[PDB]
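One structure is given below, encoded as structure tokens.
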Amino acid sequence: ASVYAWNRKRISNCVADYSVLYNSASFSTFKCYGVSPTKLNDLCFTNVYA
Amino acid sequence: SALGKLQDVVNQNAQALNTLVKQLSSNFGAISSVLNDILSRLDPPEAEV
């Protein structure tokens, strides 16, 4: 979607492997603010939104 | 209220200890008041701050 109508998708009831996101070189910018990128596989979350 | 003088000392000591334990729940401007949350959530360059 466009940025004025940005699409929000809920992520819930899943086990998430974020290690395929860090180790992928396809992303030009992979920048996390409130959390370390390498700790995402060690934590549990809810109300995850993309 | 006969033994108020001893009770004030006991209450002041317990209140000082209680306030000291309440101070652990404050983040003092950090993202969280728990050390384990900071160690589990952040890399050392921001964790040191």
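Chain labels follow the order of the structure tokens: the first chain is A, the next B, and so on; residue numbering restarts at 1 in every chain, and ligands are counted from 1 in their shown order.
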Based on only C-alpha atoms, which of the residues in chain A come within 12 Å of chain B? I want them as a list in words. residues 32, 33, 34, 35, 36, 37, 38, 39, 40, 41, 42, 43, 44 and 45 of chain A
Could you pull out the residues in chain B that DSSP calls alpha helix (DSSP H) from the backbone, as an mmCIF file with N, CA and C atoms, in the first residue's frame?
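As a result, out_33.cif now contains:
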```cif
data_model
loop_
_atom_site.group_PDB
_atom_site.id
_atom_site.type_symbol
_atom_site.label_atom_id
_atom_site.label_comp_id
_atom_site.auth_asym_id
_atom_site.auth_seq_id
_atom_site.Cartn_x
_atom_site.Cartn_y
_atom_site.Cartn_z
ATOM 1 N N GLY B 4 4.621 5.080 72.075
ATOM 2 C CA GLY B 4 4.771 5.711 70.776
ATOM 3 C C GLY B 4 6.206 5.997 70.387
ATOM 4 N N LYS B 5 7.085 6.214 71.370
ATOM 5 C CA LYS B 5 8.471 6.573 71.072
ATOM 6 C C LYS B 5 9.230 5.422 70.416
ATOM 7 N N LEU B 6 9.015 4.191 70.885
ATOM 8 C CA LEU B 6 9.621 3.031 70.234
ATOM 9 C C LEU B 6 8.964 2.756 68.890
ATOM 10 N N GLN B 7 7.644 2.954 68.823
ATOM 11 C CA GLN B 7 6.890 2.666 67.612
ATOM 12 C C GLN B 7 7.279 3.606 66.483
ATOM 13 N N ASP B 8 7.594 4.865 66.805
ATOM 14 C CA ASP B 8 8.054 5.804 65.786
ATOM 15 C C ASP B 8 9.386 5.366 65.193
ATOM 16 N N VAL B 9 10.297 4.859 66.032
ATOM 17 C CA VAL B 9 11.595 4.386 65.553
ATOM 18 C C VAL B 9 11.421 3.171 64.647
ATOM 19 N N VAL B 10 10.563 2.229 65.062
ATOM 20 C CA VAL B 10 10.308 1.025 64.269
ATOM 21 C C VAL B 10 9.655 1.394 62.939
ATOM 22 N N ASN B 11 8.682 2.314 62.978
ATOM 23 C CA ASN B 11 7.975 2.735 61.775
ATOM 24 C C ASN B 11 8.900 3.483 60.828
ATOM 25 N N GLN B 12 9.784 4.337 61.362
ATOM 26 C CA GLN B 12 10.713 5.077 60.515
ATOM 27 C C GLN B 12 11.702 4.140 59.839
ATOM 28 N N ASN B 13 12.208 3.139 60.572
ATOM 29 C CA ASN B 13 13.152 2.197 59.973
ATOM 30 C C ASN B 13 12.476 1.358 58.893
ATOM 31 N N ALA B 14 11.260 0.871 59.177
ATOM 32 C CA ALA B 14 10.523 0.067 58.207
ATOM 33 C C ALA B 14 10.132 0.896 56.990
ATOM 34 N N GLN B 15 9.751 2.157 57.206
ATOM 35 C CA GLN B 15 9.372 3.048 56.116
ATOM 36 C C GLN B 15 10.571 3.389 55.239
ATOM 37 N N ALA B 16 11.747 3.585 55.849
ATOM 38 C CA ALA B 16 12.958 3.853 55.077
ATOM 39 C C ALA B 16 13.327 2.646 54.229
ATOM 40 N N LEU B 17 13.219 1.444 54.809
ATOM 41 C CA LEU B 17 13.493 0.226 54.051
ATOM 42 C C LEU B 17 12.478 0.050 52.928
ATOM 43 N N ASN B 18 11.205 0.348 53.207
ATOM 44 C CA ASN B 18 10.140 0.202 52.219
ATOM 45 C C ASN B 18 10.365 1.159 51.052
ATOM 46 N N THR B 19 10.751 2.407 51.346
ATOM 47 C CA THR B 19 11.029 3.383 50.294
ATOM 48 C C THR B 19 12.255 2.960 49.486
ATOM 49 N N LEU B 20 13.241 2.353 50.161
ATOM 50 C CA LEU B 20 14.435 1.855 49.480
ATOM 51 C C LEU B 20 14.074 0.745 48.498
ATOM 52 N N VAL B 21 13.153 -0.141 48.885
ATOM 53 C CA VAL B 21 12.716 -1.187 47.960
ATOM 54 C C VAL B 21 11.827 -0.603 46.858
ATOM 55 N N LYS B 22 11.031 0.430 47.168
ATOM 56 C CA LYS B 22 10.225 1.090 46.137
ATOM 57 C C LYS B 22 11.085 1.782 45.091
ATOM 58 N N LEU B 35 16.843 -4.818 35.229
ATOM 59 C CA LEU B 35 18.130 -5.036 34.579
ATOM 60 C C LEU B 35 18.065 -6.201 33.606
ATOM 61 N N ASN B 36 17.317 -7.251 33.964
ATOM 62 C CA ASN B 36 17.240 -8.443 33.128
ATOM 63 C C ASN B 36 16.578 -8.127 31.794
ATOM 64 N N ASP B 37 15.591 -7.224 31.808
ATOM 65 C CA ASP B 37 14.950 -6.786 30.574
ATOM 66 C C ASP B 37 15.932 -6.051 29.671
ATOM 67 N N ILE B 38 16.793 -5.213 30.254
ATOM 68 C CA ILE B 38 17.785 -4.491 29.463
ATOM 69 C C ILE B 38 18.842 -5.443 28.913
ATOM 70 N N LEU B 39 19.296 -6.398 29.733
ATOM 71 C CA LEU B 39 20.284 -7.372 29.270
ATOM 72 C C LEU B 39 19.722 -8.299 28.204
ATOM 73 N N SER B 40 18.430 -8.607 28.268
ATOM 74 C CA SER B 40 17.824 -9.498 27.293
ATOM 75 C C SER B 40 17.357 -8.769 26.044
ATOM 76 N N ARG B 41 17.096 -7.463 26.128
ATOM 77 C CA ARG B 41 16.526 -6.722 25.011
ATOM 78 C C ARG B 41 17.527 -5.921 24.190
ATOM 79 N N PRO B 44 25.104 -4.431 23.950
ATOM 80 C CA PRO B 44 25.919 -3.688 24.953
ATOM 81 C C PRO B 44 26.133 -2.197 24.687
ATOM 82 N N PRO B 45 26.274 -1.693 23.428
ATOM 83 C CA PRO B 45 26.427 -0.224 23.280
ATOM 84 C C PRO B 45 25.287 0.628 23.831
ATOM 85 N N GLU B 46 24.039 0.174 23.738
ATOM 86 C CA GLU B 46 22.944 0.911 24.362
ATOM 87 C C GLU B 46 22.674 0.429 25.778
ATOM 88 N N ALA B 47 22.994 -0.841 26.045
ATOM 89 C CA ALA B 47 22.804 -1.396 27.377
ATOM 90 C C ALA B 47 23.687 -0.707 28.401
#
```
So that I can check the surroundings of residue 46 in chain A, please list as a PDB file with N, CA, C and O atoms, in the first residue's frame every protein, DNA and RNA residue that reaches within 8 Å of it, counting only C-alpha atoms and ignoring chain neighbours fewer than 2 positions away.
```pdb
ATOM      1  N   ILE A  11       0.213  -9.854  13.641  1.00  0.00           N
ATOM      2  CA  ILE A  11       0.973 -11.087  13.767  1.00  0.00           C
ATOM      3  C   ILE A  11       0.679 -11.630  15.157  1.00  0.00           C
ATOM      4  O   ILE A  11       0.995 -10.981  16.162  1.00  0.00           O
ATOM      5  N   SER A  12       0.071 -12.812  15.214  1.00  0.00           N
ATOM      6  CA  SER A  12      -0.287 -13.424  16.487  1.00  0.00           C
ATOM      7  C   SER A  12      -0.407 -14.926  16.299  1.00  0.00           C
ATOM      8  O   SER A  12      -0.711 -15.398  15.199  1.00  0.00           O
ATOM      9  N   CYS A  44       9.632 -13.208  23.708  1.00  0.00           N
ATOM     10  CA  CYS A  44       8.252 -13.498  23.348  1.00  0.00           C
ATOM     11  C   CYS A  44       7.469 -12.195  23.282  1.00  0.00           C
ATOM     12  O   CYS A  44       7.642 -11.314  24.131  1.00  0.00           O
ATOM     13  N   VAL A  48       1.928  -7.867  17.749  1.00  0.00           N
ATOM     14  CA  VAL A  48       2.960  -7.566  16.772  1.00  0.00           C
ATOM     15  C   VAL A  48       2.258  -7.047  15.533  1.00  0.00           C
ATOM     16  O   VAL A  48       1.274  -7.637  15.075  1.00  0.00           O
TER      17      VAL A  48
END
```
Rounded to one decimal place, report the CA of residue 7 in chain A-CA of residue 24 in chain A distance in Å. 23.1 Å
How many Å separate CA of residue 49 in chain A from CA of residue 10 in chain A? 4.8 Å
